[PDB]
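In the block that follows, a single chain appears as structure tokens, in the form deposited without the named molecule.
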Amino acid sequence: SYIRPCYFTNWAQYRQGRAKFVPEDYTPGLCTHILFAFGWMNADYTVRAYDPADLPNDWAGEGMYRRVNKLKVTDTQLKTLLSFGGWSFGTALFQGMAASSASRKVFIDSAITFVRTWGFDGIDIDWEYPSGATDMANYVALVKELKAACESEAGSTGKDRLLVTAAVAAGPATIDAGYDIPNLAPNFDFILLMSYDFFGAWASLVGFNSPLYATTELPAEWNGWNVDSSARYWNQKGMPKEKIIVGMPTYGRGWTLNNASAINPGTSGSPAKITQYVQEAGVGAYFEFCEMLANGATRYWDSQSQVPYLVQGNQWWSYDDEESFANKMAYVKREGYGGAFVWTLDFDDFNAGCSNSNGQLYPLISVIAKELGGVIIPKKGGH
């Protein structure tokens, strides 16, 4: 069966109004796995909660670990994993933790104990990114030794073995500099291919967050910066297709056009104006794009890259929608990859709150649940 993971972020609960996302916004069958972003690390490489509100506490009660893991009562196939790292975490602490067998063992033993204590079924490593010969060998050793310790703990306790996964780079230069893929593949249950953030407001070149295929609207040098090329690259380097889980974004990326009359992919811009709820210039959520379309933005379809974009005055947004998710699910099924994962639950229209919503919960993620899982996610309202 297809693997359909979804990232939960434990800070989305702090967004305002309609954007507040809590574990109780989940709906059964939407995902096969929830990856909890994030678990955290002490200076000595032992594991700690990122947020004090992850743990049982006086000001908010059960804690987000228990509230995510309680989802398994009403979604009996669901598994959960605790993810370590992410972009904001940087690399400094990973580089120190991975430096020796001794320092790796401190983290590994602590993380295994920690996920068993808090009810998670796996450990996900999101180091962004190992780079260079030392990191490359140390990352192989970390994943190898983590899997070995998980097999030992499973054999010793008789419990089902913890999963070992990683969110991994999609860019060829980053892949080649940091990942020895033939010596990682045997030790991962699967990898979460971060096949997004290809273009974004860190540069002036306007392009697509997650194009499925290249387009000749962008310079030839970019023709490998797309979901297809990245998924094939990991397979060619030795990762079995069934372990490649294709990354699906529910956010988008946007520019303020330097020239409001030049609106084609490949134009130029600075970062988009900040959006109300995501509060990060150049980033926006699907439930914000749906309102832009209701407020006069024009939707275009890029037939080469099979993704949409919208234009509102001098604002130009690359995003994903039901149609791009459909092209991409067809691709996953046609090419035989292991499934598709979502970053994030909280950027989809998770509560059908868009002013133009017909009531469908998770309009984007429900495409994955349907097309890879055969699962129909309900509409909001009375049943």
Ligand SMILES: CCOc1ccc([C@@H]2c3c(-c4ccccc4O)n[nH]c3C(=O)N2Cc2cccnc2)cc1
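Residue positions are given as counts along the sequence shown, with the first one as 1.
J.: Going by the average Cα B-factor in the PDB entry, point out whether 243-251 or 95-103 comes out higher.
T.: Comparing averages over the C-alpha atoms only gives 95-103.
J.: On mean C-alpha B-factor from the PDB entry, just flag whether 203-211 or 274-282 is the higher one.
T.: It is 274-282 that shows the higher mean C-alpha B-factor.
J.: Of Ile112, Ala137, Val227, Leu192, which one's C-alpha B factor is largest in the deposited record?
T.: The record points to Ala137.
J.: Can you pull the Cα B-factors for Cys354, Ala37, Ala330, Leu345 from the entry and say which is highest?
T.: So the option with the highest C-alpha B-factor is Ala330.
J.: How does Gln304 rank on Cα B-factor within its chain, lowest, middle or highest third?
T.: Its C-alpha B-factor belongs to the middle third of this chain's values.
J.: What third of the chain does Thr174 rank in for C-alpha temperature factor, lowest, middle or highest?
T.: According to the entry, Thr174 has a C-alpha B-factor in the chain's middle third.
J.: Quick check for you: using the entry's CA B-factors within this chain, is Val164 in the lowest, middle or highest third?
T.: Its C-alpha B-factor belongs to the lowest third of this chain's values.
J.: With respect to C-alpha B-factor, does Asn10 fall in the lowest, middle or highest third of the chain as deposited?
T.: Its C-alpha B-factor, which the entry lists for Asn10, ranks in the lowest third among residues of this chain.
J.: For the chain shown, is the CA B-factor of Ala369 in the lowest, middle or highest third of its modelled residues?
T.: Within its chain, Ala369 is a middle-third residue by C-alpha B-factor, going by the deposited values.
If you look for the form deposited with the named molecule bound, you will not find it shown, but the lines that follow are about it.
J.: Check whether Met136 has any heavy atom within 4.5 Å of a heavy atom of the named molecule in the entry with it bound, and answer yes or no.
T.: Heavy-atom contact with the named molecule at 4.5 Å: absent for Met136.
J.: Can you tell me whether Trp343 touches the named molecule? I mean in the entry with it bound, with a 4.5 angstroms heavy atom cut-off.
T.: Answer yes; at least one heavy atom of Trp343 falls within 4.5 Å of the named molecule in the entry with it bound.
J.: Can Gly238 be called a contact residue for the named molecule in the entry with it bound at 4.5 Å between heavy atoms?
T.: Although the named molecule is absent here, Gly238 would stay clear of it in the entry with it bound, with no heavy atoms inside 4.5 Å.
J.: Tell me, yes or no, whether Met292 is in contact with the named molecule in the entry with it bound, where a contact means a heavy atom of each within 4.5 Å.
T.: Contact check for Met292: no, nothing within 4.5 Å of the named molecule in the entry with it bound.
J.: Please tell me which of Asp189, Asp302, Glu288, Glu128 lies within 4.5 Å of the named molecule in the entry with it bound, judged by heavy atoms.
T.: Going through each option in turn, the one that passes is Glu128.
J.: Which pick from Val283, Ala214, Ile108, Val164 sits with a heavy atom within 4.5 Å of the named molecule in the entry with it bound?
T.: Contact with the named molecule in the entry with it bound is made by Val283 alone.
J.: Based on heavy atom distances of 4.5 Å or less, which listed stretch (355-363, 6-14, 20-28, 371-379) is in contact with the named molecule in the entry with it bound?
T.: Flagged stretch: 6-14.
J.: Using a 4.5 Å heavy atom cutoff, which residues in 344-365 contact the named molecule in the entry with it bound? It's fine if the answer is none.
T.: Heavy-atom contacts within 4.5 Å come from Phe347 alone.
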